[PDB]
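Q: Could you have a look at this structure, given as structure tokens, before my questions?
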Amino acid sequence: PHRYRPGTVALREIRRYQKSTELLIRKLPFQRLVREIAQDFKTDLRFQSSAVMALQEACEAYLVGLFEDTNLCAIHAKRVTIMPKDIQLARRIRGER
Amino acid sequence: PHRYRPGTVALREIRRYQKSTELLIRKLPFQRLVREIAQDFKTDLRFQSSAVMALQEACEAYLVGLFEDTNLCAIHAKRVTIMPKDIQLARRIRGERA
Amino acid sequence: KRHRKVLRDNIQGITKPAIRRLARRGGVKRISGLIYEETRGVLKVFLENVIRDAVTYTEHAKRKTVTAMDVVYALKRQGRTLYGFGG
Amino acid sequence: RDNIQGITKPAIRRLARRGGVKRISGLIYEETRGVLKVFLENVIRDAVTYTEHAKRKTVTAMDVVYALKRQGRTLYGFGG
Amino acid sequence: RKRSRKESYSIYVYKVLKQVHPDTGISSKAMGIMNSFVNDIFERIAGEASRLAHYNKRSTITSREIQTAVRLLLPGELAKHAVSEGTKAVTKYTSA
Amino acid sequence: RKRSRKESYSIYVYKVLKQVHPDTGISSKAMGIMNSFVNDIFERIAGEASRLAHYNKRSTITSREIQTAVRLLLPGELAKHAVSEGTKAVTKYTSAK
Amino acid sequence: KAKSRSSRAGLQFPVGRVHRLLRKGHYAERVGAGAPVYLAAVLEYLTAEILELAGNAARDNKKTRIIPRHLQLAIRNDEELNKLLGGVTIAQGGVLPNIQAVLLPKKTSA
Amino acid sequence: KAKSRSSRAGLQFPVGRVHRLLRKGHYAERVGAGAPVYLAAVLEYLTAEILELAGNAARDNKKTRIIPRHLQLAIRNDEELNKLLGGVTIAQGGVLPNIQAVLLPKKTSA
DNA sequence: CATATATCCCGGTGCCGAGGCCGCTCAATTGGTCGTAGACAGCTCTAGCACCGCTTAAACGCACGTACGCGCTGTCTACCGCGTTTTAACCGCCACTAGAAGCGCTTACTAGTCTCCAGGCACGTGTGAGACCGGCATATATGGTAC
DNA sequence: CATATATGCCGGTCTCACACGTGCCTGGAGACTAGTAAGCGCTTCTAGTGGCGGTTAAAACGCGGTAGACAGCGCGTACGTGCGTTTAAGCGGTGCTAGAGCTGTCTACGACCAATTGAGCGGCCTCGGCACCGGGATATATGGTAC
Ligand SMILES: [Cl-]
Ligand SMILES: [Cl-]
Ligand SMILES: [K+]
Ligand SMILES: [K+]
Ligand SMILES: [Mn+2]
Ligand SMILES: [Mn+2]
Ligand SMILES: [Mn+2]
Ligand SMILES: [Mn+2]
Ligand SMILES: [Mn+2]
Ligand SMILES: [Mn+2]
Ligand SMILES: [Mn+2]
Ligand SMILES: [Mn+2]
Ligand SMILES: [Mn+2]
Ligand SMILES: [Mn+2]
Ligand SMILES: [Mn+2]
Ligand SMILES: [Mn+2]
Ligand SMILES: [Mn+2]
Ligand SMILES: [Mn+2]
Ligand SMILES: [Mn+2]
Ligand SMILES: [Mn+2]
Ligand SMILES: [Mn+2]
Ligand SMILES: [Mn+2]
Ligand SMILES: [Mn+2]
Ligand SMILES: [Mn+2]
Ligand SMILES: [Mn+2]
Ligand SMILES: [Mn+2]
Ligand SMILES: [Mn+2]
């Protein structure tokens, strides 16, 4: 029986996804959420598939950006684990409130 | 004799200076620094008195802002003391630093 | 004259795995269990702001279809400019 | 000796206090002088660049305002 | 001498100040912040409006563009009211 | 039929691409990102030029405004090289016509 | 004969001045008749909304004349004006009083 | 004659097209003859400056064709382009490989 | 040292997207016209600068010591890695039509032009809001000591 | 509890900025004309939507255990206070004059025009780059083991 030590696969994954550019959220779930949120602003809206892709590109870009800043705040607190309070300080200092 | 416990005057000063809106850097030391930095871009330069005020208003504002965010970063690390590393994290997250 | 499936709780399609992958590209190694709801919260606020603006552009153009350009202008407005979709 | 030092320990303290800072590290003061300088540099560089273009030898408040605007630090009450 | 002339919104801030606070005044500095404020928001709404026109291949900035602009520019509540006072004054102006 | 006429900088990007990297090509998406880049920086310069004119009660955006724009808007060594390349093309144009 | 469009629209804010600034400002080839009316209306509203709260902030301070602080206090204590002027600095405004709770002394008698 | 004003300036970028987009662009009543030449030159420069670094990245990745990742690598690794495009998202760019030190496993005699 | 398990790197294979030929056609170039923006130079007198010498207030440096940062330790459980089972994304195809995108007709809208008429300005005033402030009142931090 | 001190406040005093009345002047607002932007009909057909089933990669769950979060400790000194000392900022001042910036003349240059033509576009056709795959060479983490 073989077993990696906690964090060995995490590093592996960091390298894997920082090499790649493929979108990391599944396409259909994201779309349903775009339709769901758009429907609540206006009924009977259609989307050019590019407008969804553009929206997904912008969303993942934003979230990867935010996990970086989060991670720095985690590390600033002599920790290695990101926590809601990390996200919250990142967003506060960004001015997103 | 009489002595205020360390922390108490500091809080009074926070209360005091948050109450007021007066500029907190002395005007002439500032005015000399503005001219000093300006010389390195264009020589034989003259300043409207208002332009030096504007720069000083925008500088103090910016720094007072940054200390707010520096203070939050210090508190994040379970401290009460702001440290260079707090200013650096604030500036990094703001987008100013890399 | 055709029933559209009523859309409900689709923010949960932003799964734990997907959020973790996003954190990985961000060079995050360890993740609290409370991060995935916190994240969904933030994503949802982000998407609502862009789509509010996007749809505003559409409504102004008197269109019923949201365009890639509408999203791009929305994003530019919010200071999150995006190359590779026109504009 | 330099003009930057004219931005004194107590001045920086006052600024921090208005910021709500209770306790200040000794190293802060130099770090802040570094930050302040980069701020003035970036702002003044643009202000002068505006002066240059108006073919003036006097930097106006309108220069600084348009400069502060460019840098995303819009100032009100000097001719915005 | 030479006189020289430089406009402002100073009068209109005062006329509005007397509507909402009839026995209250305002320092020249504070008048400058109100003046900066008006020109800023003007620039913003005009600008957004300008782009709205361009994005749709239209050569006119109509009250429509000024509205869509205000809706993008102002937060939830402030926008609701803005769109009221705006539509109202347009309606009042065309009838007279 | 015969879809409407859409302009693009993609003809001049390929030209400069062959100047700089004669055996290197470019993908649809890459060319798209290059188009968004040229449109973006155009607008940034054209706007800061428009403001310089206005701030100085001038009815005309001249090469002198483009220049100051480029000084404000490009960082250090990129501005220096841009200005020189700019000034040159003006000078070369001034004498030709 | 001759009466200001400002009055026709029931506005203190100069509809005519605004129409000029829209045309003079190179925003579009042409400017509609409603555009300066609508815009002036919004501008006047926001002016009122700020002055309303700024006037208040003066009474609370026991002063008849609005100073920059009253405008700051007004803008930073209203959620929606503070978002609109998030990126704005009000000269001689100061900041809202706000010590972080962790910085306050012990006091554990409640 | 009919010789491209592009050629008069010794540029690949279309001086005439840029002259149109400046006039049609709600920018100013009047546009000089220099402006579009100067502008098209700066656009051509910046295009070349990034296509150089993006071509180099493509060749390092054993590929004939520049793809967005190549532009992302080109732009983020160059100090001055990264600052110019600091507030820009390149669709399908990805991120620069960067793992903070404190996350890397200890006891490595490499 | 030994071995298990990812990742890299290789040619081989097949698809389809980049890129190059074509022919049609707009928007850009010519070249002549005309209106005015702005270049240039003179003049004015605004307001920026600079040497002076008081008078404080603010900066400085010093020395005490206390609360806080910081490194150590030990507890404990939350979070990681992995095997199994569950699920729904993806793919490739249908079939269906909304509405996007484009064209031609047509006219209220607005811009451009004169003339006029008061709305908005720079000026000049005099006076009341508020800055200052002495000294007095109130709130609160701080330590003593007896429980 | 009492004592020390910082701050708040009163009521009076003064001063200078505000807010008013008064020209005066230019920048608009009533007509008025004349051409274009855009509104609104009609048509084409693109691509957005919704549905189905085969395949399987990703998601979900539960398990087990490790390494990281956290809290409590204790040590050392970097700070905050407060004092006596030094320094220079601020100020009111009296010049001194660069230059901001205003006015008035005169090209040079840029818009507008509206026939002429090749630059650049949408199709269309097609290979060669590269996606995808599996075989073999390392590279590393983990764990067996001998010392
Ligand atoms: Cl020019
Ligand atoms: Cl209108
Ligand atoms: K002067
Ligand atoms: K469609
Ligand atoms: Mn719903
Ligand atoms: Mn190969
Ligand atoms: Mn002139
Ligand atoms: Mn000591
Ligand atoms: Mn220690
Ligand atoms: Mn239809
Ligand atoms: Mn006046
Ligand atoms: Mn006093
Ligand atoms: Mn005590
Ligand atoms: Mn009692
Ligand atoms: Mn008592
Ligand atoms: Mn009183
Ligand atoms: Mn009076
Ligand atoms: Mn038309
Ligand atoms: Mn199915
Ligand atoms: Mn367990
Ligand atoms: Mn514990
Ligand atoms: Mn041609
Ligand atoms: Mn050809
Ligand atoms: Mn090949
Ligand atoms: Mn393989
Ligand atoms: Mn081991
Ligand atoms: Mn051994």
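Residues in the structure tokens are numbered from 1 in each chain, the chains being A, B, ... in the order shown, and ligands are numbered from 1 in the order shown.
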Just fit chain H onto chain G on all the Cα atoms, in order, by least squares, and give it as a compact mmCIF listing (two decimals) with C-alpha atoms, in the first residue's frame.
A:
```txt
# COMPACT_ATOMS: atom_id res chain seq x y z
CA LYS H 1 -40.86 85.05 -24.32
CA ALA H 2 -37.36 84.21 -22.89
CA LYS H 3 -38.28 81.82 -20.00
CA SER H 4 -35.35 79.66 -18.65
CA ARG H 5 -35.57 76.05 -19.99
CA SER H 6 -34.66 75.37 -16.30
CA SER H 7 -38.26 76.58 -15.44
CA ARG H 8 -39.89 74.57 -18.31
CA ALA H 9 -38.45 71.43 -16.53
CA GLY H 10 -39.06 72.82 -12.98
CA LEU H 11 -35.31 72.66 -12.06
CA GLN H 12 -32.85 75.03 -10.24
CA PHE H 13 -29.94 73.50 -12.27
CA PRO H 14 -29.13 75.28 -15.57
CA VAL H 15 -30.49 73.09 -18.45
CA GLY H 16 -29.03 75.52 -21.08
CA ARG H 17 -25.52 75.61 -19.51
CA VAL H 18 -25.60 71.74 -19.33
CA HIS H 19 -26.73 71.67 -23.04
CA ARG H 20 -23.61 73.78 -23.90
CA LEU H 21 -21.18 71.65 -21.79
CA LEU H 22 -22.57 68.47 -23.52
CA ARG H 23 -22.03 69.99 -27.05
CA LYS H 24 -18.69 71.77 -26.20
CA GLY H 25 -17.66 68.56 -24.37
CA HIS H 26 -16.33 66.29 -27.19
CA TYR H 27 -19.21 63.80 -26.36
CA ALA H 28 -21.20 63.26 -29.61
CA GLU H 29 -21.91 64.99 -33.00
CA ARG H 30 -25.51 65.67 -31.74
CA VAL H 31 -27.23 66.27 -28.32
CA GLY H 32 -31.02 65.74 -27.89
CA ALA H 33 -33.24 68.34 -26.11
CA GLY H 34 -34.04 65.79 -23.33
CA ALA H 35 -30.42 64.84 -22.42
CA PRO H 36 -29.51 68.21 -20.71
CA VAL H 37 -32.89 68.42 -18.83
CA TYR H 38 -32.56 64.76 -17.62
CA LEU H 39 -28.86 65.36 -16.70
CA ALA H 40 -29.45 68.72 -14.87
CA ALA H 41 -32.26 66.94 -12.92
CA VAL H 42 -29.94 64.06 -11.75
CA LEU H 43 -27.21 66.64 -10.83
CA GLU H 44 -29.85 68.66 -8.84
CA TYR H 45 -31.17 65.46 -7.13
CA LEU H 46 -27.68 64.20 -6.01
CA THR H 47 -26.73 67.79 -4.90
CA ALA H 48 -29.91 67.94 -2.71
CA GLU H 49 -29.48 64.34 -1.42
CA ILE H 50 -25.95 65.17 -0.05
CA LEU H 51 -26.81 68.80 1.04
CA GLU H 52 -29.61 67.21 3.20
CA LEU H 53 -27.20 64.78 5.01
CA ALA H 54 -24.42 67.48 5.18
CA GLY H 55 -26.87 70.08 6.65
CA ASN H 56 -27.99 67.47 9.24
CA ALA H 57 -24.28 66.82 10.17
CA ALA H 58 -23.66 70.63 10.46
CA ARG H 59 -26.72 71.02 12.80
CA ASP H 60 -25.47 68.00 14.89
CA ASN H 61 -22.09 69.90 15.20
CA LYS H 62 -23.97 73.05 16.45
CA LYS H 63 -22.96 74.96 13.23
CA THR H 64 -24.88 77.17 10.72
CA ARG H 65 -22.45 76.45 7.82
CA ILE H 66 -21.69 73.13 6.02
CA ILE H 67 -17.87 72.58 5.97
CA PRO H 68 -16.04 69.68 4.22
CA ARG H 69 -15.99 67.55 7.42
CA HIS H 70 -19.87 67.75 7.22
CA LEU H 71 -19.80 66.49 3.56
CA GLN H 72 -17.29 63.75 4.61
CA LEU H 73 -19.60 62.65 7.52
CA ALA H 74 -22.65 62.97 5.19
CA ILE H 75 -21.02 60.89 2.39
CA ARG H 76 -19.13 58.14 4.33
CA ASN H 77 -22.08 57.33 6.70
CA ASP H 78 -24.52 56.99 3.70
CA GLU H 79 -24.03 53.51 2.10
CA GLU H 80 -24.84 54.58 -1.52
CA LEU H 81 -23.01 58.01 -1.67
CA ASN H 82 -19.90 56.34 -0.10
CA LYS H 83 -19.91 53.74 -2.95
CA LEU H 84 -20.60 56.48 -5.59
CA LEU H 85 -17.63 58.51 -4.15
CA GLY H 86 -15.56 55.40 -3.14
CA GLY H 87 -12.49 56.62 -5.14
CA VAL H 88 -12.79 60.32 -4.04
CA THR H 89 -10.74 62.37 -1.51
CA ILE H 90 -12.55 65.29 0.21
CA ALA H 91 -9.90 67.91 1.11
CA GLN H 92 -10.28 68.74 4.87
CA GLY H 93 -12.85 65.88 5.27
CA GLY H 94 -10.89 63.76 7.79
CA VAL H 95 -11.99 60.12 8.51
CA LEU H 96 -14.95 58.42 10.32
CA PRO H 97 -14.17 57.60 13.98
CA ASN H 98 -13.45 53.82 13.90
CA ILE H 99 -11.12 51.89 16.30
CA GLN H 100 -10.95 48.08 15.73
CA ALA H 101 -12.28 46.15 18.81
CA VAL H 102 -9.00 44.19 19.53
CA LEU H 103 -7.24 47.57 20.26
CA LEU H 104 -9.76 48.69 22.99
CA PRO H 105 -8.67 48.12 26.63
CA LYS H 106 -10.07 44.90 28.28
CA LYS H 107 -11.88 44.60 31.70
CA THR H 108 -14.62 47.30 31.19
CA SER H 109 -17.84 46.75 33.30
CA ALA H 110 -19.54 49.72 31.45
```
Q: To test your reading of the structure, identify every residue in chain F that backbone DSSP assigns to strand (DSSP E), and report it as a list in words.
A: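 The strand (DSSP E) residues within chain F come out as residues 25, 26, 60 and 61 of chain F.
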Q: Should the cut-off be 12 Å, what would the residue list for chain E against chain C look like, counting only C-alpha atoms, as an NGL selection string?
A: :E and (44 or 47-49 or 51-58 or 62-76)
Q: Give as a PyMOL selection string the residues surrounding ligand 17 up to a distance of 10 Å, considering only C-alpha atoms (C1' of nucleotides) and all ligand atoms.
A: (chain I and resi 125-128) or (chain J and resi 18-21)
Q: Give me a file of those residues, with N, CA and C atoms (P, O5', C5', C4', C3', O3' and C1' of nucleotides), as an mmCIF file, in the first residue's frame.
A:
```
data_model
loop_
_atom_site.group_PDB
_atom_site.id
_atom_site.type_symbol
_atom_site.label_atom_id
_atom_site.label_comp_id
_atom_site.auth_asym_id
_atom_site.auth_seq_id
_atom_site.Cartn_x
_atom_site.Cartn_y
_atom_site.Cartn_z
ATOM 1 P P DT I 125 -16.106 99.451 -1.464
ATOM 2 O "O5'" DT I 125 -17.186 98.959 -0.395
ATOM 3 C "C5'" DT I 125 -18.264 98.084 -0.785
ATOM 4 C "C4'" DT I 125 -19.384 98.044 0.230
ATOM 5 C "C3'" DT I 125 -19.016 98.323 1.686
ATOM 6 O "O3'" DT I 125 -20.128 98.881 2.395
ATOM 7 C "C1'" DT I 125 -19.578 96.004 1.402
ATOM 8 P P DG I 126 -19.921 99.505 3.860
ATOM 9 O "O5'" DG I 126 -21.187 98.980 4.681
ATOM 10 C "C5'" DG I 126 -21.929 97.788 4.325
ATOM 11 C "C4'" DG I 126 -22.279 96.982 5.557
ATOM 12 C "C3'" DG I 126 -21.733 97.536 6.876
ATOM 13 O "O3'" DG I 126 -22.369 97.126 8.100
ATOM 14 C "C1'" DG I 126 -20.569 95.559 6.312
ATOM 15 P P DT I 127 -23.849 96.494 8.131
ATOM 16 O "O5'" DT I 127 -23.575 94.938 7.922
ATOM 17 C "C5'" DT I 127 -24.572 93.943 8.251
ATOM 18 C "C4'" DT I 127 -23.941 92.781 8.982
ATOM 19 C "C3'" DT I 127 -23.789 92.970 10.496
ATOM 20 O "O3'" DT I 127 -24.232 91.812 11.213
ATOM 21 C "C1'" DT I 127 -21.729 92.346 9.561
ATOM 22 P P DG I 128 -25.802 91.523 11.394
ATOM 23 O "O5'" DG I 128 -25.872 89.936 11.531
ATOM 24 C "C5'" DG I 128 -25.818 89.069 10.378
ATOM 25 C "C4'" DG I 128 -24.759 88.005 10.561
ATOM 26 C "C3'" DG I 128 -24.844 87.217 11.869
ATOM 27 O "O3'" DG I 128 -24.484 85.859 11.603
ATOM 28 C "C1'" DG I 128 -22.728 88.166 11.703
ATOM 29 P P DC J 18 -16.311 81.871 3.157
ATOM 30 O "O5'" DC J 18 -17.898 81.991 3.197
ATOM 31 C "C5'" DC J 18 -18.615 81.986 4.447
ATOM 32 C "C4'" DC J 18 -19.722 83.013 4.419
ATOM 33 C "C3'" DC J 18 -20.600 82.970 3.170
ATOM 34 O "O3'" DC J 18 -21.937 83.303 3.547
ATOM 35 C "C1'" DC J 18 -19.686 85.124 3.392
ATOM 36 P P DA J 19 -23.105 82.204 3.628
ATOM 37 O "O5'" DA J 19 -24.412 83.083 3.389
ATOM 38 C "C5'" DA J 19 -24.579 84.354 4.063
ATOM 39 C "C4'" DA J 19 -24.701 85.497 3.078
ATOM 40 C "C3'" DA J 19 -25.471 85.203 1.781
ATOM 41 O "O3'" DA J 19 -26.578 86.110 1.736
ATOM 42 C "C1'" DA J 19 -23.536 86.463 1.345
ATOM 43 P P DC J 20 -27.703 86.008 0.595
ATOM 44 O "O5'" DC J 20 -28.412 87.434 0.670
ATOM 45 C "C5'" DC J 20 -28.064 88.416 1.672
ATOM 46 C "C4'" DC J 20 -27.550 89.680 1.021
ATOM 47 C "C3'" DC J 20 -28.148 90.004 -0.349
ATOM 48 O "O3'" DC J 20 -29.228 90.940 -0.237
ATOM 49 C "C1'" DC J 20 -25.774 90.495 -0.218
ATOM 50 P P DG J 21 -29.992 91.478 -1.549
ATOM 51 O "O5'" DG J 21 -29.136 92.753 -1.968
ATOM 52 C "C5'" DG J 21 -29.154 93.974 -1.208
ATOM 53 C "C4'" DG J 21 -28.370 95.032 -1.948
ATOM 54 C "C3'" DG J 21 -28.962 95.445 -3.295
ATOM 55 O "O3'" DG J 21 -28.601 96.804 -3.570
ATOM 56 C "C1'" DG J 21 -26.896 94.414 -3.668
#
```
Q: Check every residue of chain A for an atom within 6 Å of chain H, counting only C-alpha atoms, and provide those that qualify as an NGL selection string.
A: :A and (18 or 21 or 57)
Q: Please write the residues from the selection above to a file, keeping C-alpha atoms, as a PDB file, in the first residue's frame.
A:
```pdb
ATOM      1  CA  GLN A  18      -0.432  26.760 -12.964  1.00  0.00           C
ATOM      2  CA  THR A  21      -5.110  27.511 -19.063  1.00  0.00           C
ATOM      3  CA  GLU A  57     -13.187  33.520 -18.281  1.00  0.00           C
TER       4      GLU A  57
END
```
Q: Considering only C-alpha atoms (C1' of nucleotides), extract the chain J residues located within 10 Å of chain F and return them as a list in words.
A: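 The selection requested is residues 44, 45, 110, 120, 121, 122, 123 and 129 of chain J.
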Q: For those residues, write C-alpha atoms (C1' of nucleotides) to a file as a tab-separated table (two decimals), in the first residue's frame.
A:
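Output contents, as saved in part.tsv:
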```
chain	number	residue	atom	x	y	z
J	44	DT	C1'	-33.40	36.81	-44.56
J	45	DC	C1'	-31.28	32.97	-41.97
J	110	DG	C1'	-7.51	71.06	-41.29
J	120	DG	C1'	-8.68	45.18	-47.17
J	121	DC	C1'	-12.42	42.21	-46.72
J	122	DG	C1'	-15.45	37.68	-46.90
J	123	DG	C1'	-15.38	33.33	-49.40
J	129	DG	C1'	0.81	22.12	-37.14
```
Q: Taking only C-alpha atoms (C1' of nucleotides) and all ligand atoms into account, list the residues no farther than 10 Å from ligand 9, as an MDAnalysis selection string.
A: (chainID I and resid 69:71) or (chainID J and resid 74:77)
Q: Would you mind listing what lies within 12 Å of residue 127 of chain J as a PyMOL selection string, with only C-alpha atoms (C1' of nucleotides) counted and same-chain residues fewer than 3 positions away left out?
A: chain I and resi 15-20
Q: Could you write out that same residue set with N, CA and C atoms (P, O5', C5', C4', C3', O3' and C1' of nucleotides) as a PDB file, in the first residue's frame?
A:
```pdb
ATOM      1  P    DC I  15      -9.409  11.782 -39.482  1.00  0.00           P
ATOM      2  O5'  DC I  15      -9.583  13.193 -38.771  1.00  0.00           O
ATOM      3  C5'  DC I  15      -9.536  13.283 -37.336  1.00  0.00           C
ATOM      4  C4'  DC I  15      -9.520  14.729 -36.901  1.00  0.00           C
ATOM      5  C3'  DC I  15     -10.466  15.654 -37.663  1.00  0.00           C
ATOM      6  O3'  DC I  15     -10.986  16.625 -36.742  1.00  0.00           O
ATOM      7  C1'  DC I  15      -8.229  16.347 -38.022  1.00  0.00           C
ATOM      8  P    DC I  16     -12.295  17.486 -37.098  1.00  0.00           P
ATOM      9  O5'  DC I  16     -11.840  18.994 -36.849  1.00  0.00           O
ATOM     10  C5'  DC I  16     -10.583  19.338 -36.222  1.00  0.00           C
ATOM     11  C4'  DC I  16     -10.040  20.632 -36.787  1.00  0.00           C
ATOM     12  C3'  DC I  16     -11.048  21.491 -37.549  1.00  0.00           C
ATOM     13  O3'  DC I  16     -10.761  22.880 -37.369  1.00  0.00           O
ATOM     14  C1'  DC I  16      -9.300  20.908 -38.999  1.00  0.00           C
ATOM     15  P    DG I  17     -11.257  23.651 -36.056  1.00  0.00           P
ATOM     16  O5'  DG I  17     -10.123  24.741 -35.824  1.00  0.00           O
ATOM     17  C5'  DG I  17      -8.813  24.346 -35.375  1.00  0.00           C
ATOM     18  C4'  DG I  17      -7.748  25.153 -36.080  1.00  0.00           C
ATOM     19  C3'  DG I  17      -8.080  26.630 -36.285  1.00  0.00           C
ATOM     20  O3'  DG I  17      -6.852  27.351 -36.153  1.00  0.00           O
ATOM     21  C1'  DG I  17      -7.841  25.589 -38.390  1.00  0.00           C
ATOM     22  P    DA I  18      -6.831  28.941 -36.034  1.00  0.00           P
ATOM     23  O5'  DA I  18      -5.567  29.325 -36.912  1.00  0.00           O
ATOM     24  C5'  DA I  18      -4.319  28.663 -36.690  1.00  0.00           C
ATOM     25  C4'  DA I  18      -3.547  28.587 -37.984  1.00  0.00           C
ATOM     26  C3'  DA I  18      -3.136  29.929 -38.578  1.00  0.00           C
ATOM     27  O3'  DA I  18      -1.925  29.657 -39.275  1.00  0.00           O
ATOM     28  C1'  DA I  18      -4.527  28.836 -40.092  1.00  0.00           C
ATOM     29  P    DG I  19      -0.822  30.770 -39.448  1.00  0.00           P
ATOM     30  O5'  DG I  19      -0.863  31.036 -41.017  1.00  0.00           O
ATOM     31  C5'  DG I  19      -0.603  29.963 -41.950  1.00  0.00           C
ATOM     32  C4'  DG I  19      -1.129  30.313 -43.322  1.00  0.00           C
ATOM     33  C3'  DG I  19      -1.095  31.808 -43.660  1.00  0.00           C
ATOM     34  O3'  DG I  19      -0.894  32.025 -45.058  1.00  0.00           O
ATOM     35  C1'  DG I  19      -3.221  31.023 -43.968  1.00  0.00           C
ATOM     36  P    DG I  20       0.525  32.459 -45.635  1.00  0.00           P
ATOM     37  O5'  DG I  20       0.431  31.998 -47.157  1.00  0.00           O
ATOM     38  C5'  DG I  20      -0.098  30.705 -47.528  1.00  0.00           C
ATOM     39  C4'  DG I  20      -1.070  30.827 -48.682  1.00  0.00           C
ATOM     40  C3'  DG I  20      -0.925  32.088 -49.537  1.00  0.00           C
ATOM     41  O3'  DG I  20      -1.171  31.756 -50.905  1.00  0.00           O
ATOM     42  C1'  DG I  20      -3.106  31.966 -48.744  1.00  0.00           C
TER      43       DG I  20
END
```
Q: Could you work out which residues of chain I fall inside 12 Å of chain F? Count only C-alpha atoms (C1' of nucleotides), and format the result as a list in words.
A: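 Therefore, the residues near the partner are residues 17, 18, 19, 24, 25, 26, 27, 36, 37, 38, 101, 102 and 103 of chain I.
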Q: Give me, as a compact mmCIF listing (two decimals) with N, CA and C atoms (P, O5', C5', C4', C3', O3' and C1' of nucleotides), in the first residue's frame, the set of residues whose atoms come within 10 Å of any atom of ligand 20, counting only C-alpha atoms (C1' of nucleotides) and all ligand atoms.
A:
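Output below, filename part30.txt:
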```
# COMPACT_ATOMS: atom_id res chain seq x y z
P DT I 77 -10.90 17.46 19.64
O5' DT I 77 -11.28 18.15 18.26
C5' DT I 77 -10.49 19.24 17.72
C4' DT I 77 -10.28 19.09 16.23
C3' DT I 77 -11.23 18.12 15.52
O3' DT I 77 -11.53 18.61 14.21
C1' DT I 77 -9.05 17.44 15.13
P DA I 78 -12.77 19.60 13.99
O5' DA I 78 -12.29 20.55 12.79
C5' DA I 78 -11.17 21.45 12.93
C4' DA I 78 -10.32 21.37 11.68
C3' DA I 78 -11.09 21.23 10.38
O3' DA I 78 -10.24 21.79 9.36
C1' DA I 78 -9.79 19.32 10.66
P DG J 62 -20.91 9.74 4.15
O5' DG J 62 -20.09 8.44 4.58
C5' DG J 62 -19.78 7.41 3.62
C4' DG J 62 -18.52 6.69 4.03
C3' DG J 62 -18.12 6.88 5.49
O3' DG J 62 -17.50 5.68 5.95
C1' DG J 62 -16.42 7.70 4.13
P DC J 63 -17.18 5.47 7.49
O5' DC J 63 -15.66 5.00 7.47
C5' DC J 63 -15.12 4.24 6.36
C4' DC J 63 -13.61 4.35 6.35
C3' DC J 63 -13.00 4.54 7.74
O3' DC J 63 -12.05 3.50 8.01
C1' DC J 63 -12.15 6.18 6.20
P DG J 64 -11.52 3.26 9.51
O5' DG J 64 -9.94 3.35 9.37
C5' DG J 64 -9.27 3.41 8.09
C4' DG J 64 -8.13 4.40 8.14
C3' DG J 64 -7.54 4.66 9.53
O3' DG J 64 -6.11 4.61 9.41
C1' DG J 64 -8.07 6.70 8.52
P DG J 65 -5.19 4.55 10.71
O5' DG J 65 -4.29 5.86 10.58
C5' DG J 65 -3.57 6.19 9.37
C4' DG J 65 -3.02 7.59 9.47
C3' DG J 65 -2.47 7.96 10.85
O3' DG J 65 -1.55 9.03 10.70
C1' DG J 65 -4.19 9.41 10.35
```
Q: Record the distance separating atom CA of residue 71 of chain A and atom CA of residue 31 of chain C, expressed in Å with one decimal.
A: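 Atom-to-atom, atom CA of residue 71 of chain A to atom CA of residue 31 of chain C, that is 9.6 Å.
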